[PDB]
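S.K.: Encoded as structure tokens, here's the structure I'll be asking about.
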Amino acid sequence: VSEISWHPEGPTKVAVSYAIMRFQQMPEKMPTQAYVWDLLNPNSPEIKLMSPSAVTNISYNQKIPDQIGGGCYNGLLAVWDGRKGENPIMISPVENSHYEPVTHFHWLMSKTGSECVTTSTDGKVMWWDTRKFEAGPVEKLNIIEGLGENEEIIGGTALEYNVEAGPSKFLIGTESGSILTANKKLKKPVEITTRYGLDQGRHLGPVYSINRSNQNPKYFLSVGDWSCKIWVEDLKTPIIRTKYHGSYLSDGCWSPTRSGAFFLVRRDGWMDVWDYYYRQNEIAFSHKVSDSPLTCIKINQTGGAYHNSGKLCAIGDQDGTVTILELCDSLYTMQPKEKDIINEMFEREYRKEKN
Amino acid sequence: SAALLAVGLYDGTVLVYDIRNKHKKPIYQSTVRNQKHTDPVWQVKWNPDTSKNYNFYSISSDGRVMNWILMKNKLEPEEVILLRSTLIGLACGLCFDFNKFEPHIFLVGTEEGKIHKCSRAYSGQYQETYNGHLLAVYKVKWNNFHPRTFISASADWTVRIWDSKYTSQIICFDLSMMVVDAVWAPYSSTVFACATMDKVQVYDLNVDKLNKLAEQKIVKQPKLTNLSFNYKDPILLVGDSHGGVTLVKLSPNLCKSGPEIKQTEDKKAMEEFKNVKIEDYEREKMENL
Amino acid sequence: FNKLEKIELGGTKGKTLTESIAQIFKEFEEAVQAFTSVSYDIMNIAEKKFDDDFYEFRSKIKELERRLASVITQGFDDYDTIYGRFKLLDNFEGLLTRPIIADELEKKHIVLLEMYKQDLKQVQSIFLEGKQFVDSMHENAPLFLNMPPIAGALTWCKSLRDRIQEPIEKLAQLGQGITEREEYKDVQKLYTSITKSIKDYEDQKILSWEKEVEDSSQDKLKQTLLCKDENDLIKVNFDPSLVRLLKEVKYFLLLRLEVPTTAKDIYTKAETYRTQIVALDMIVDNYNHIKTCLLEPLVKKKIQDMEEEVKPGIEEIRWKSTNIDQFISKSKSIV
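Residue numbers (the deposited numbering), protein chains in the order written: chain E, 164 to 518; chain D, 359 to 442, 451 to 655; chain B, 436 to 730, 734 to 773.
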């Protein structure tokens, strides 16, 4: 389960992709197809998404209800319709679309007719237009590290984008362990402003997931190698490093409801939760999901019917199983003076790193 | 919140109960993973401050003053001080008390016999030591309406009144039978009660310098394990060895602002003239010695 | 003490510690305000009043230095990470009060050495378990996402080697003869045995790789074009081991360490192959879906002519010398 995404209206359906990220280990003519589950009938998938090549990353588009877009292992981008499904309506050209597999695909909500962004291990970030796939993508940025004369092209392993951050900033993680920021301009076609962890913050492995809290968008975490870290929207070095772990971390995300707590998933098999409201030293609680590794986590943004926001956590296993965990009514619900305390703590840590 | 009930028992397990709860199981427990002290927990007290959740204080015979903080389905322990010379191990501790005027300064009694004054600030240091007693001090308690003054009741059949500034005692009270515990009166300063081998004995420093005001035998058959004072009314509680707990209402002959009844009309006097009279009495003993 | 105010450690349990530091700073501010009064004094040797004022101030400082030592011990019992604790020290590195803090640091130094042993031992246990899986090339391996099975090991080994090496460069900076302490010496002896065992595993992987690099360079030259099945369905014959070699070379340059001999020539042109393979493909496909489209007994000559036109090339195909640009296009004008 290479990537998961939730339905934007509410927690009714969960679109999930399927591909092998192990190199050449994928069989000859393996079944290349993403599915979409409903929480009413979890026996078999509600609808099938037939693709040209195995789909690496998919996501729902909040702008157009049920329009799933996905990045293939080939380098191709695809877009389906969640109602009819079957075959993909928009497919990129083979030659101009980047080499090596789409490591992240996210929608640019802040636009009339939706647009989509896409990074790769080729190390070329791209801003695609969904209405107009035409002759390749609009914007081409290669991820150079250091500037000066030394220019090495390093694979864009994770991409983060938020409404509160705005259409200006695109927060990009790399293979080498650094994190770059690409501010798109109508002036100069693109600029790579900040370099988060050129020196100290450098992760020991690739930055597999970035995310920023919906409650406080200044503060974002990146889940590289063994140890998750937390950053601030100007500073170079990370504010809070959080331990090391049993095996590596594949993914991790903030609770959309609660600023304090954020959930990591380990390749050992365990999920582990860090609730910073109570304790900053130890884990809140750990939970075995599967003996097989965990390749992705996603959490429900917005609630409907019975399930409120931040309650259900869809987690993707290497076996190919996708578990949905109803969290405790304390963990998703806001505790008293939570948002105030975490703002004070982060402000204290921002003063720390200055000092 | 009077519902919160602090409990200490053998194997140095720390229990918390709520009277409100119907099921009547412990709300909280200490385990080996929560760094529970070994042997027993002789004394246990609540911290009045409620800024940092709910602070519960405990002492063990192992001799580690432990501060316990209430969290959601977990107990966080913090070593306050260690009791601690050409001996083996840590010194044993049979009682502790916190000064109500200064929350930093707190006294601790030892099986060694030497009472110690201690700060929450510095963990691995003593503010002062008192080499008065010869045997294990059962109960130390600060006096009401005055700082830097306290009683202790030891196995060595002597009840002694210190001032924190001085290193030795100001007064001692030799009784033939073993002293079991001494407790200050809450309504008036310079009034305490001492229980000894079926004999409860109340003193007043204004009324008599040495001699006992009242001596009584609540119950004939057993021995007296502990006594405690009520803050609202003049009523003493007295425990027996057979789990029996008899209460005793004191005489009105003892009181406060006694020299003249409703004289000067001082409201401040009830929490200051008490502070002044022990000082006036304290000076008298310094002239004697 | 002026530096102490500025310090904002921010670690673990918060405010309560900084509040305690603030009250400590206020007490100091009262003492220095009382010293500033300079009643008599004025460095007069004949006056024996300053000497008394020193003894009063020295006692206040000795009380203050004991409160600092207690605050440092609380703050150290909190972070619970060799990194977080080393960061705390650095804040008070200029705020060491000569021997009274140094007596506390001696005890603190022993605890750091014990913490680094546990991490170092834990890495060793992860390396031994991993080493088996890396060589095996099992599912759920230490190798992370799409890497080569060879370069992936070296990057994995590097990531471990880098984790262990960060505290040692920090430990060297500590004073008070940490190197002379027998406890430190036992950690260094352990470290050396782990680094050697990791380096030995890298040496086995590079040596085994260099042999595979020589075998792969042969395949490329004699690869040509292969067309399988009863139906003539010619395709790209490019070996998977040549694609993995092409990726392997790029990750070696990223980690720097060392590089292969005469595999540079394959990596420079590498880009040109990845345009030419796509470009080639273009035509290849079209041929397939051209072969199966017929029902042909009408217009044999055309189709034949494409077969007869293609029938060399494939023969032509040698990655030694690519003139694909043309071929391609002449086909393309006719396909």
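Here a beta-carbon is modelled for each residue, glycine too, at the ideal position from N, C-alpha and C.
Classify B/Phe489: buried if its beta carbon has 16 or more other beta carbons within 10 angstroms, exposed otherwise.
M.R.: Looking at its Cβ environment, which holds fewer than 16 other Cβ atoms inside 10 Å, B/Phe489 is exposed.
S.K.: Measure the alpha-carbon distance for B/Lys631 versus B/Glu491 and round it to whole angstroms.
M.R.: Roughly 58 angstroms between the two C-alpha positions.
S.K.: Taking C-alpha atoms, which residue in E/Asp454, E/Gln378, E/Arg294, E/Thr281 lies nearest to E/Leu334?
M.R.: Comparing Cα positions, the closest option is E/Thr281.
S.K.: Check each residue of the segment 474 to 494 of chain D: if its Cβ is closer than 7 angstroms to any Cβ of chain B, include it; give the result in chain order.
M.R.: So the close ones are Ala487, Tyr488, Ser489, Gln491.
S.K.: Classify E/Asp292 as helix, strand or coil using the three-state DSSP reduction.
M.R.: Residue state, collapsed to three classes: strand.
S.K.: Could you tell me the distance, in whole angstroms, from the CA atom of E/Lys517 to the CA atom of E/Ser168?
M.R.: Roughly 37 angstroms between the two C-alpha positions.
S.K.: B/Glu746 by DSSP, collapsed to three states: which one?
M.R.: Reduced to three states, the DSSP call for B/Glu746 is helix.
S.K.: Assuming E/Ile231 and E/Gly245 are in contact, meaning their beta carbons sit under 8 angstroms apart, how far apart are those beta carbons, in whole angstroms?
M.R.: The Cβ separation is near 6 angstroms, so the contact holds.
S.K.: DSSP three-state label for E/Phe186, please.
M.R.: Three-state DSSP puts E/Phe186 in coil, outside helix and strand.
S.K.: By the criterion of Cβ-Cβ separation under 7 angstroms, what are the contact partners of residue 443 of chain D in chain B?
M.R.: This structure gives no coordinates for residue 443 of chain D. The numbering of chain D moves from 442 immediately to 451.
S.K.: Using the DSSP secondary-structure output, state which residues sit across from D/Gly475 in a beta bridge.
M.R.: Answer is D/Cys461.
S.K.: Note down, in chain order, each residue of its chain lying with its Cβ closer than 6 angstroms to the Cβ of D/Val474, except the 5 sequence neighbours on either side.
M.R.: Only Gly459, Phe462, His482, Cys484 meet the Cβ criterion.
S.K.: Say whether chain D places a C-beta atom closer than 7 angstroms to the C-beta of B/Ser505.
M.R.: Judged by the 7 angstroms Cβ criterion, B/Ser505 is in contact with chain D.
S.K.: Going by the CB atoms, is the gap between E/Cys491 and E/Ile462 shorter than 7 angstroms?
M.R.: Going by C-beta atoms, E/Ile462 is not nearer than 7 angstroms to E/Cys491.
S.K.: In angstroms with no decimal places, state the Cα-to-Cα distance between B/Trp757 and B/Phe568.
M.R.: Taking the straight line from one Cα to the other gives about 35 angstroms.
S.K.: Which partner residues of E/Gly483 appear in the DSSP bridge assignment?
M.R.: BP columns for E/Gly483 are empty, so no partner.
S.K.: Report the residue ranges of all beta strand (DSSP E) runs contained in full by the segment 296 to 322 of chain E; include only those spanning at least 3 residues, in chain order.
M.R.: Whole beta strand (DSSP E) segments, 3+ residues: 302 to 305.
S.K.: Please list, in chain order, the chain E residues whose beta carbon lies closer than 8 angstroms to that of B/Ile442.
M.R.: Within chain E, the residues near B/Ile442 are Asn518.
S.K.: At a CB distance below 7 angstroms, what residues from the segment 564 to 585 of chain B approach chain E? Give them in sequence order.
M.R.: From the segment 564 to 585 of chain B, only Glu574, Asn575, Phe579, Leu580, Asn581, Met582, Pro583 have a Cβ closer than 7 angstroms to chain E.
S.K.: Please go through the segment 452 to 518 of chain E and give each complete alpha helix (DSSP H) segment of 4 or more residues, from N-terminal end onward.
M.R.: You should have 501 to 517.
S.K.: Pull out every residue of the segment 418 to 444 of chain E whose Cβ sits closer than 7 angstroms to any Cβ of chain D, in chain order.
M.R.: Those would be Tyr441, in chain order.
S.K.: Which value, in whole angstroms, describes the spacing of the CA atoms of B/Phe673 and E/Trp270?
M.R.: Near 36 angstroms, if we compare the C-alpha coordinates of E/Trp270 and B/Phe673.
S.K.: Use the C-beta contact count for E/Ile342: other C-beta atoms within 10 angstroms, 16 or more gives buried, fewer gives exposed.
M.R.: It counts as buried.
S.K.: Alpha carbon to alpha carbon, what distance is there between E/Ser376 and E/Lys502?
M.R.: Rounded to whole angstroms, E/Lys502 to E/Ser376 spans 11 angstroms at the Cα level.
S.K.: Any Cβ of chain E within less than 7 angstroms of the Cβ of B/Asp597?
M.R.: For B/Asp597, the answer is yes, since a Cβ of chain E falls inside 7 angstroms of its Cβ.
S.K.: Quick check on D/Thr591: does DSSP put it in helix, strand or coil?
M.R.: Of the three classes helix, strand and coil, the one that applies to D/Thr591 here is coil, per DSSP.
S.K.: Considering only their Cβ atoms, is the gap separating B/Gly449 from E/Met508 smaller than 7 angstroms?
M.R.: Yes, they are a contact pair.
S.K.: So with Cβ pairs under 7 angstroms, would you call E/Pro205 a contact of chain B?
M.R.: No - not a single Cβ of chain B is within 7 angstroms of the one on E/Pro205.
S.K.: What does E/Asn374 pair with, by DSSP beta-bridge criteria?
M.R.: Partner(s): E/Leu384.
S.K.: If you run the structure through DSSP and keep just helix, strand and coil, what is D/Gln582?
M.R.: Strand.
S.K.: Out of D/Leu428, D/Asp397, D/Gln401, point me to the one whose CA is closest to D/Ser409's CA.
M.R.: Comparing Cα-Cα distances from D/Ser409 to each of D/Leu428, D/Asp397, D/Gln401, the minimum goes to D/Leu428.
S.K.: For the putative contact between D/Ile377 and D/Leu363, defined by C-beta atoms under 8 angstroms, what is the C-beta separation to the nearest angstrom?
M.R.: With a Cβ gap of about 6 angstroms, D/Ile377 and D/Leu363 count as contacting.
S.K.: With H, G and I counted as helix, E and B as strand and the rest as coil, what does DSSP make of B/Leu503?
M.R.: Note: B/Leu503 maps to helix in three-state DSSP.
S.K.: Among residues of its own chain, excluding the 5 on either side of E/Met184, which ones have a beta-carbon nearer than 7 angstroms to its beta-carbon?
M.R.: Closer than 7 angstroms at the Cβ level, and outside the excluded window around E/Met184, lie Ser165.
S.K.: Are there 16 or more other CB atoms within 10 angstroms of the CB of E/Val436, so buried, or fewer, so exposed?
M.R.: With 16 or more Cβ atoms within 10 Å of its Cβ, E/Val436 is classed as buried.
S.K.: At 7 angstroms on the CB atoms, spell out the chain C contacts of B/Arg520, in chain order.
M.R.: The question asks about chain C, but that chain is absent: this structure's protein chains are E, D and B.
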